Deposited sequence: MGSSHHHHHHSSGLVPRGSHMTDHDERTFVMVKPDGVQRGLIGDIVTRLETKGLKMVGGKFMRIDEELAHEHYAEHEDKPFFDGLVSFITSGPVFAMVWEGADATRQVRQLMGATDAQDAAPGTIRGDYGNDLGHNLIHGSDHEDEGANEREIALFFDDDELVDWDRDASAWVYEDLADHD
């Protein structure tokens, strides 16, 4: 079912390079539905909770400028976004994908999408970055043509 959600973040390199609209439209175009978005700075203390799993370089980077955090909704949202991003290392990512098209590095890899193979990391990572009041429930009319949900 189509209420599944995932967490997607455009990282400081994305935001610095002016790629947020680019990332947003590839997810829109795919038919996924935005339920949360905010342009925020991440504090060392929040970085520490996220990457609680080179640790102090990936903190220095996730905290080096503004991020644009998002929640995205739709069928198999977590897999779909993670297919769309291509391999985490943008140097091995396939052309067509976000990292394969805009990226040329491991640490500055444009974005984060929750991992579909670490179960629940989708709900863990949205609880961490958003509260239930920064999240919207609405019906995207065009989802009737995105899926058998149709007239």
Check: deposited residues absent from the model (no CA) fall at 1-22, 76-80, 179-181
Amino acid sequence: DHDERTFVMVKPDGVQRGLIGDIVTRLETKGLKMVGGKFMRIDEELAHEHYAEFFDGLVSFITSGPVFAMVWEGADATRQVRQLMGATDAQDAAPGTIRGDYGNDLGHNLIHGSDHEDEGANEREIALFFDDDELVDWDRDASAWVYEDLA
From here on, numbers count along this sequence of modelled residues.
Which is higher on mean Cα B factor in this entry, 20-28 or 128-136? 128-136
Going by the average Cα B-factor in the PDB entry, point out whether 35-43 or 93-101 comes out higher. 35-43
Test of reading the entry: by CA B factor among the chain's modelled residues, which third contains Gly65? middle
Temperature factor at the Cα of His112, chain-ranked in thirds, falls in the lowest
For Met85, the third of its chain into which the C-alpha B factor falls: lowest
Considering only modelled residues of the same chain, in which third does the CA B-factor of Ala144 rank: lowest, middle or highest? middle
